[PDB]
Structure formats: structure tokens, C-alpha cells
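Each remark here refers to the structure printed beneath this line.
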Amino acid sequence: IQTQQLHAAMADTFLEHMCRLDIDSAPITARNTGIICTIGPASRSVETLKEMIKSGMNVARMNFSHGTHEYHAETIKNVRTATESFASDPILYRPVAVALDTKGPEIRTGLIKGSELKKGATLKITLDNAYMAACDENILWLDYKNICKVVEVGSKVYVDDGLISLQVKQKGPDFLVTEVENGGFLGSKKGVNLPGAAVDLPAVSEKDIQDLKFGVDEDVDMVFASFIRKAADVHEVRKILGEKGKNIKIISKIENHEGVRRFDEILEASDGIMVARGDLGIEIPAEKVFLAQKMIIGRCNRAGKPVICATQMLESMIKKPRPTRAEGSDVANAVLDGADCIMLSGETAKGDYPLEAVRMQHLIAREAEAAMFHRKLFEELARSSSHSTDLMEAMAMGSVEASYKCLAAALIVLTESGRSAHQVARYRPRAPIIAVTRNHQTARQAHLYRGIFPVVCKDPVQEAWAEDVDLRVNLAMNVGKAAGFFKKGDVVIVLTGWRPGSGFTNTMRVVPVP
Ligand SMILES: [K+]
Ligand SMILES: [Mn+2]
């Protein structure tokens, strides 16, 4: 009994690869898939924060659909304080990224009276700012001022995670009379969803404009933009960002139909993507969700752009320690699907078991990462890029191939720009990728890329390239051994440059571990 499910990796047919999976075949020490965690009241604390890091958190999310700049910044300080707390040990310091989550076109309910359930009976919506204080079972206030121009008589309306379905029956300039199809206990400040109606709310709102620019000041590494349908919308966020936020990544989250419908354009303009299941679910018929998930992920893999899979990956775990049999198939399959990053929203913010959440995202990810059919995968991926004759593409391809043959312990890529490493992760190797940069943004952002295990060089630049290179290499070397990625006489591929100002890692080597 082999390890890393290698007996399955040998199969000729997919069926045989599945047939060959073994519960008793041990995964490796490293984790390739990233884990994006959404911080909230349950995980804001520096002590809570650090342990979260130590558990496995890579990226820290900041949901701006809720929150004051004051609150967000505190969240930030903290994230970096727990982050830089480990910084005195170079070989065991884990860089952590920070991400902003925008609130694009987002209808949200009003407030309920300080004294709210609904039956298969009638209710009425109001936009007049007077019932906003008192939102009784009989009356509700929407955030959207242009609601009566979008929806028609018979048109359905959803709220509180599509949990409550409202059928439309009547109109008015300042109203809408609606019946309850599927109703229950209506909360306070729940968001509505208008599937099959056109939201005319701007992609980028004053608040979003405000929120974004602030990101620029907080040195956030990437922006998760909500509700993207067009590419022109992607542009707008780039504009709002400007030169200062030149180096920030723009990950478009698909939440609508138009979004799935106009994905190529979006993909191009984007720098990453996010499958925002929580919203799309409401937006498109939920039975259709998996289809849009795989299309998306597959398309992003073929393209070389990082992709995120989120919303309700381990819900149940919010109140309960152990996930469900389906929570676990969801997360495992998502890794198989080939998502470069998984993510927790409820389980790590509101959550009662925050850490226990991260831990299982990590355990499931390791097992699902080896279940992958790396041989077919790379052939299937090589074929697609067959049109490209890039040099790094070539060099990435080689390295991955050669790591399959000699069963490498890891791939060590010395980058700055982080491109070279990006380019190799793209080739879905089966071993960890140790990227070594002196650039911080680069390290922090490298999480977005599957397989990449960033390390950062605090050491000055030395005179001889040869020695600088051997300087960085060594570190990689040292850091793998400690983390335990590889032992004393293991083999490992190294990718560097021949001479400075190389532009790309054009030198490959097969160097045993000292
Ligand atoms: K949001
Ligand atoms: Mn959303």
C-alpha cells in the first residue's frame, strides 16, 4: 500500500481510476487548494485569528455588504497583526491575503417592529420610508426604489435566501401586493432576489465607489466584485481602482444568469472568478447549479485564471461540529472539479465552530487532491493550450511532466512577478509548488493559484546571481523540510532564470534534497 492514491493514477480508464480509489492510501503532507475564510464577529480576535491561520486560512475575506469602515479596518489591523506575529521565524511564517467583498446591486429588506411570521396568505410591499421602522407581517420596505418598473403582475419575489417566495398580484407607484407561495419567519434586514426581472441598479454604486477606493488605502490584495454580468462592469471596477490599485486582482463573482450567459467576456476582463452559489441558486433554477459550476470551473482551468467555489460548503458546521455526508461530498467534489480555492462564509464569521471548519476544509482538500486523475487531466489540458507556443508554457509543461515521472517531492519556482509559478500551477502538477519571492503582494496573491506555497525572502539581494539564487533555493529547501513536504534525499525540480532580467524561469534542474 501505496500513498497519494498512486495505484489509481496508473489506470487507463476513468472508470478504473475511480474503481481504484483506496480509503487506506495516505494523502501527502501538503495542501494545494487554497482556503478563503470570511471574517466576522466569531473570528475577529487576534487569538482566534492566529489559530485560524495555523489551522490553514490563506485568505481573509471582508464582506462589505455589512459594515462600517471603522469595523473593516479593525478587522484588517488584526489580520495583519496575527499575521506578522509569526514573522520572526522565516521558515515558518505564513503570508496571508486580504480581500474586499463588494455589495453591488443588492436589494435588502427593511426593519421589523420591536414587539414576524407569514402564512399562505397575503402581504404588501412599500417603498415609502415610514414603514421601514415597522416592517410587520402585513407590510415591507424594499431597498430598491425602481422595483415597480422591473417586476410585473404574477412575477415572483424571493427573500431570506429564497426561503420565502412571494407571488405578485398587484402594483402601485409606491406598492406591490403579493401573496405567499412559500413563507415562514421573516427576519430583519434580509436580502431579496428578483429572478427573471431586470435590476437596473448600477454595477458600481457610490458606496461601492467608496468602499473600493478605501480598499486601495488598506492595501488589499484582491477585490471580489459582486454581481458582474458584463465585462464593461469589470472595466468600471478597474477604473474606480486606478493606478494606485494597479496591482490588485479583480475576481468577478457570477451571481446571475446573464453572468453565466456572458462568461467569456467576463473571464477575459477578469483576473479570477468566483462561483457565488448563494445567489445564483436563487437567480437560476437550483437544479441547474452544478451545470454552471462545472462549466465555469472547467473554463477557468483551461484558461489559466484562478477560480473560487463558495457559499454553503460546510453550513451545518455553523452550529454543528461535524459536517453532513453532502457537505463533505460538496467540498471534495469541488476540489476534483478543479477549483483553485474553496470558501467559508458562515462557518468562520457567525460560526460556533470556526476552527473546526477550517480544519475539515483542509482534510477534505488533501484527500480530494490525490483522487484527481492527474494523467488524463494534464493531457486534457495540454490539448487545449495546444494553440499556444509560449516559452514559459513550454517550460511549465516540461516541469509538470517530469514531476510525474520521477515522482518529485516538490517544484521550487523563484519568481517576483509570480508569473512563472502561476504558469506552472496551471498545469496541475501533483506536488506542492514552492514559490520564492522578495515581493510581498506577489506572495499574498499567489494563494489565488492552486498548488502554490509562497515563501518570502527578507534577505537582501546579493552580488552574485549564482549566490542569490542559491540563497533563495536554499530557503525553499529549508522551508519544505520543516513543513515536512520532503525529506533528506528526496527529488525536487527547481525553476529559475539563467541570468537576471531573464523575464522567465528558463532553467530547469533535477536536484536532490540536501
Ligand atoms: K458582499
Ligand atoms: Mn451575493
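The way I read the labels, and the way they are meant: chains A, B, ... in the order of the C-alpha cells, residue 1 as the first residue of every chain, and ligand 1 as the first ligand shown, with later ones counted on from there.
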Neighbourhood of ligand 1 at 9 Å, counting only C-alpha atoms and all ligand atoms, reported as a VMD selection string: chain A and resid 62 to 66 100 to 104 106 224 to 226
Write out, as CSV, each residue of chain A that has an atom at most 7 Å from ligand 2, together with the closest pair of atoms and their distance in Å to one decimal, counting only C-alpha atoms and all ligand atoms, rows going by chain and rising number.
```
residue,atom,partner,partner_atom_place_in_ligand_line,distance
A:226,CA,ligand 2,1 (Mn),6.3
A:255,CA,ligand 2,1 (Mn),6.5
A:276,CA,ligand 2,1 (Mn),6.3
A:278,CA,ligand 2,1 (Mn),6.3
A:279,CA,ligand 2,1 (Mn),5.0
```
Serialized selection, N, CA and C atoms, as a CSV table (one decimal), in the first residue's frame:
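Saved result, selection_13.csv, follows:
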```
chain,number,residue,atom,x,y,z
A,226,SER,N,-19.2,41.8,-6.7
A,226,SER,CA,-20.5,41.2,-6.7
A,226,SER,C,-21.3,41.6,-7.9
A,255,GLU,N,-23.3,35.8,-10.3
A,255,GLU,CA,-24.5,35.6,-9.4
A,255,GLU,C,-25.8,35.5,-10.2
A,276,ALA,N,-20.5,32.2,-7.0
A,276,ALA,CA,-21.3,32.7,-5.9
A,276,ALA,C,-22.6,31.9,-5.9
A,278,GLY,N,-24.6,31.0,-3.5
A,278,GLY,CA,-25.6,31.5,-2.6
A,278,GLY,C,-26.7,32.4,-3.3
A,279,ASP,N,-26.2,33.0,-4.4
A,279,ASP,CA,-27.1,33.9,-5.1
A,279,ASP,C,-27.6,33.4,-6.4
```
Residues within 9 Å of residue A:186, only C-alpha atoms, excluding chain neighbours under 2 positions, as a list in words: residues 112, 116, 117, 118, 137, 159, 160, 164, 183, 184, 188 and 190 of chain A
Spatial neighbours of residue A:57, max dist 8 Å, only C-alpha atoms, sep filter under 3 positions, as a PyMOL selection string: chain A and resi 34-37+52-54+60+96+358
Which of A:374, A:322, A:426, A:302 sits closest to residue A:394 [using only C-alpha atoms]: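 Once distances to residue A:394 are computed over only C-alpha atoms, the minimum belongs to A:426.
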Every residue of stretch 174-209 of chain A that DSSP places in strand (DSSP E or B), as a VMD selection string: chain A and resid 175 to 182 185 191 to 193
Selection: 10 Å around residue A:398, only C-alpha atoms, excl. self and same-chain fewer than 4 positions, as an mmCIF file with N, CA and C atoms, in the first residue's frame:
```cif
data_model
loop_
_atom_site.group_PDB
_atom_site.id
_atom_site.type_symbol
_atom_site.label_atom_id
_atom_site.label_comp_id
_atom_site.auth_asym_id
_atom_site.auth_seq_id
_atom_site.Cartn_x
_atom_site.Cartn_y
_atom_site.Cartn_z
ATOM 1 N N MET A 392 7.243 30.067 -21.541
ATOM 2 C CA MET A 392 7.061 29.563 -20.207
ATOM 3 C C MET A 392 6.055 28.402 -20.185
ATOM 4 N N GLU A 393 5.081 28.517 -21.073
ATOM 5 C CA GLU A 393 4.073 27.499 -21.177
ATOM 6 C C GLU A 393 4.829 26.181 -21.390
ATOM 7 N N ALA A 394 5.738 26.208 -22.364
ATOM 8 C CA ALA A 394 6.580 25.047 -22.698
ATOM 9 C C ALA A 394 7.316 24.540 -21.477
ATOM 10 N N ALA A 402 7.791 16.015 -16.055
ATOM 11 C CA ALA A 402 8.948 15.460 -15.406
ATOM 12 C C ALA A 402 8.702 15.207 -13.923
ATOM 13 N N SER A 403 7.698 15.846 -13.286
ATOM 14 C CA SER A 403 7.425 15.632 -11.867
ATOM 15 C C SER A 403 6.580 14.378 -11.638
ATOM 16 N N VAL A 424 2.977 27.445 -13.927
ATOM 17 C CA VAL A 424 3.168 26.034 -13.683
ATOM 18 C C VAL A 424 2.036 25.376 -12.915
ATOM 19 N N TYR A 427 -0.706 23.916 -14.873
ATOM 20 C CA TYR A 427 -0.504 22.585 -15.407
ATOM 21 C C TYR A 427 -0.793 21.453 -14.474
ATOM 22 N N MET A 508 15.802 24.779 -15.851
ATOM 23 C CA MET A 508 15.220 23.700 -15.077
ATOM 24 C C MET A 508 16.296 22.745 -14.621
#
```
Those of stretch 267-399 of chain A in DSSP alpha helix (DSSP H), formatted as a PyMOL selection string: chain A and resi 267-269+277-283+289-303+325-336+354-370+374-384+391-399
Shortest interatomic distance to residue A:41 - which of A:262, A:422, A:350, A:366, counting only C-alpha atoms: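 Residue with the minimum atom-to-atom distance to residue A:41: A:350.
Closest to residue A:391 among A:363, A:506, A:309, A:126 is A:506, based on only C-alpha atoms.
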Separation of atom CA of residue A:513 from atom CA of residue A:462, in Å and rounded to one decimal: 23.1 Å
Separation of atom CA of residue A:408 from atom CA of residue A:514 in Å: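 Taking atom CA of residue A:514 and atom CA of residue A:408, their separation equals 14.3 Å.
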Nearest to residue A:418, chosen from A:492, A:505, A:475, A:197, with only C-alpha atoms counted in the distances: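 Checking each of A:492, A:505, A:475, A:197 against residue A:418, counting only C-alpha atoms, the winner is A:505.
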Polymer residues at most 12 Å from residue A:173, only C-alpha atoms, same-chain spacing of 6 or more positions, as a VMD selection string: chain A and resid 125 to 128 145 to 151
Deliver the residues from the most recent selection as a file, using C-alpha atoms, as a PDB file, in the first residue's frame.
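Output file out_13.pdb follows:
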```pdb
ATOM      1  CA  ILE A 125     -44.501  45.796  -0.229  1.00  0.00           C
ATOM      2  CA  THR A 126     -43.849  49.543   0.266  1.00  0.00           C
ATOM      3  CA  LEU A 127     -41.016  51.852  -0.699  1.00  0.00           C
ATOM      4  CA  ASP A 128     -42.234  54.728   1.404  1.00  0.00           C
ATOM      5  CA  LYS A 145     -36.539  52.337  -5.481  1.00  0.00           C
ATOM      6  CA  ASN A 146     -37.093  51.075  -9.049  1.00  0.00           C
ATOM      7  CA  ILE A 147     -38.989  47.931  -8.054  1.00  0.00           C
ATOM      8  CA  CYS A 148     -42.250  48.813  -9.601  1.00  0.00           C
ATOM      9  CA  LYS A 149     -40.706  49.237 -13.045  1.00  0.00           C
ATOM     10  CA  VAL A 150     -38.879  45.919 -13.026  1.00  0.00           C
ATOM     11  CA  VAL A 151     -41.495  43.411 -11.765  1.00  0.00           C
TER      12      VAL A 151
END
```
Shell of 10 Å around residue A:310, only C-alpha atoms, local chain residues under 5 positions omitted, as number ranges by chain: A: 36-37, 253, 274-278, 331, 334, 339, 341-345
For the residues in that selection, give me N, CA and C atoms as a compact mmCIF listing (two decimals), in the first residue's frame.
```
# COMPACT_ATOMS: atom_id res chain seq x y z
N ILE A 36 -10.28 30.26 1.47
CA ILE A 36 -10.63 31.64 1.73
C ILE A 36 -11.64 31.67 2.88
N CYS A 37 -11.27 32.35 3.97
CA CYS A 37 -12.22 32.41 5.10
C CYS A 37 -12.74 33.84 5.25
N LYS A 253 -17.39 37.69 -9.36
CA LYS A 253 -18.32 36.66 -8.88
C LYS A 253 -19.57 36.66 -9.75
N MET A 274 -15.46 33.80 -9.30
CA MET A 274 -15.98 33.18 -8.14
C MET A 274 -17.33 32.61 -8.45
N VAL A 275 -17.52 31.38 -8.04
CA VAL A 275 -18.81 30.83 -8.28
C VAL A 275 -19.55 31.20 -6.96
N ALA A 276 -20.45 32.21 -6.98
CA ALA A 276 -21.29 32.74 -5.88
C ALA A 276 -22.60 31.95 -5.93
N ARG A 277 -22.54 30.79 -5.32
CA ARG A 277 -23.65 29.82 -5.32
C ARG A 277 -24.87 30.32 -4.56
N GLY A 278 -24.59 31.02 -3.49
CA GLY A 278 -25.61 31.54 -2.59
C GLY A 278 -26.67 32.36 -3.32
N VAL A 331 -17.54 19.63 -0.89
CA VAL A 331 -16.19 20.16 -0.79
C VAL A 331 -15.11 19.35 -1.51
N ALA A 334 -15.68 19.59 -5.17
CA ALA A 334 -15.26 20.88 -5.66
C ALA A 334 -13.80 21.01 -5.97
N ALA A 339 -11.40 23.37 -8.59
CA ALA A 339 -11.49 24.75 -8.12
C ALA A 339 -10.19 25.15 -7.51
N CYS A 341 -9.64 27.40 -5.22
CA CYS A 341 -9.94 27.87 -3.86
C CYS A 341 -11.38 27.60 -3.37
N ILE A 342 -11.45 27.12 -2.14
CA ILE A 342 -12.71 26.83 -1.51
C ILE A 342 -13.04 27.90 -0.48
N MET A 343 -14.29 28.02 -0.08
CA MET A 343 -14.53 29.07 0.86
C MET A 343 -15.79 29.00 1.71
N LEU A 344 -15.45 29.44 2.94
CA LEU A 344 -16.28 29.54 4.14
C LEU A 344 -16.73 30.98 4.35
N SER A 345 -18.02 31.12 4.59
CA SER A 345 -18.64 32.43 4.79
C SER A 345 -19.36 32.50 6.14
```
